[PDB]
Amino acid sequence: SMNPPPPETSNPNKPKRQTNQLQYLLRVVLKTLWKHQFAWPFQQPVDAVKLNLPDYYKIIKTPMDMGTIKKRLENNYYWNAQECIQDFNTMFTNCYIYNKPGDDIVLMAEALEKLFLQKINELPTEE
Ligand SMILES: COc1ccc2c(c1)C(c1ccc(Cl)cc1)=N[C@@H](CC(=O)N1CCC(N(C)C)CC1)c1nnc(C)n1-2
């Protein structure tokens, strides 16, 4: 029933880059999803205490959210685009694992995921 520490957004030991693909993930992909009418449940870690979800972190062992992704992109946490794409996919999958088909929160995740897929289809070739 308590909240865990949030995912890591800072680790000096971890080697970093700023590739053209990572810049597209911030300027196009994250920005498009963040401004959407359905973004709000996904803009910060799940607060299992205030939402009264005492089983959330029993079921979900790899939590992820767009607040964490935004910080990772803005503070240059990643080496490559695949690491960041994996974080978005983990966020959607967690929502579908915890909830039921047709729930409001699932419809919201599906709308954001459709846009994610349309933008990643045009990921530029790495320069
Ligand atoms: C800050 O508010 C949040 C954050 C994360 C959420 C949720 C809400 C919203 C939420 C629900 C409806 C609408 Cl319209 C919008 C959101 N859902 C939660 C899930 C949720 O509360 N329950 C209600 C109680 C249920 N019993 C235990 C069976 C489980 C599902 C959630 N799941 N992933 C994320 C992200 N989320």
Side-chain angles (χ1 to χ4, degrees), residues 1-17 19-26 28-30 32-57 59-99 101-126:
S1 69
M2 292 162 39
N3 290 319
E8 194 174 78
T9 61
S10 182
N11 186 338
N13 289 146
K14 183 181 188 297
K16 314 302 201 311
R17 297 189 298 178
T19 73
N20 68 312
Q21 296 185 328
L22 285 161
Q23 294 172 331
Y24 179 95
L25 281 154
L26 179 54
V28 177
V29 182
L30 188 279
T32 292
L33 276 57
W34 189 269
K35 73 189 186 185
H36 193 279
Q37 74 184 346
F38 296 161
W40 61 270
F42 305 98
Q43 287 176 328
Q44 60 287 307
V46 169
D47 184 340
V49 177
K50 287 204 175 291
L51 296 167
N52 191 27
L53 307 175
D55 63 345
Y56 187 84
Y57 291 109
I59 292 163
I60 299 304
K61 302 303 197 188
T62 63
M64 190 49 58
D65 66 280
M66 299 199 293
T68 297
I69 294 166
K70 184 177 181 286
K71 285 174 184 157
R72 288 178 174 193
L73 287 164
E74 291 174 347
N75 293 294
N76 304 116
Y77 180 82
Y78 300 114
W79 186 260
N80 66 36
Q82 285 304 328
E83 288 176 274
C84 179
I85 291 164
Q86 178 60 252
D87 285 344
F88 279 102
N89 283 318
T90 296
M91 181 184 79
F92 300 128
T93 299
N94 290 342
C95 186
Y96 306 144
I97 289 171
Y98 188 70
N99 295 286
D103 286 344
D104 286 330
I105 189 63
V106 170
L107 297 174
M108 295 164 89
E110 286 172 352
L112 297 174
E113 189 181 19
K114 178 180 179 173
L115 287 164
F116 171 78
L117 288 163
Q118 289 174 305
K119 302 307 181 183
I120 291 294
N121 184 55
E122 305 198 48
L123 188 72
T125 303
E126 180 167 22

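Values below: all heavy atoms of this structure, side chains included; hydrogens, waters and symmetry mates excluded. Counting starts at 1 for both ligands and their atoms, following the listed order. One-based numbering along the sequence shown.
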**OP:** For the residue pair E83 and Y77, confirm or rule out a side-chain donor-acceptor distance under 3.5 Å.
**Re:** no

**OP:** Kindly assign one of parallel, tilted or perpendicular to the pair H36 and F38, based on the angle between their ring planes and the thresholds 30° and 60°.
**Re:** tilted

**OP:** Decide whether the shortest distance between a heavy atom of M108 and an atom of ligand 1 is less than 4.0 Å.
**Re:** yes

Original post:
Is there a side chain to side chain contact (heavy atoms under 4.5 Å, CB included) between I69 and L73 once you walk through the steps?
Top reply: CA-CA 6 Å; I69 294 166; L73 287 164; 3.9 Å; yes

Original post:
Looking only at heavy atoms, is any part of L51 under 4.0 Å from ligand 1, and if so is it the side chain, the backbone, or both, or is it neither?
Top reply: side chain

Subject >> From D103, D65, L53 - option closest to atom 20 (C) of ligand 1 by heavy atom >> reply: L53

Original post:
Quick one: which of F38, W40, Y98 has a heavy atom closest to atom 2 (O) of ligand 1?
Top reply: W40

**OP:** Would you sort out whether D65 and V46 count as a side chain to side chain contact (heavy atoms under 4.5 Å, CB included), showing the intermediate values?
**Re:** CA-CA 8 Å; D65 66 280; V46 169; over 6 Å; no

**OP:** Out of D104, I105, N99, indicate the one that has the non-hydrogen atom closest to atom 19 (C) of ligand 1.
**Re:** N99

**OP:** Determine whether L25 and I85 make a side-chain contact, defined as any pair of heavy atoms from C-beta on separated by less than 4.5 Å.
**Re:** yes

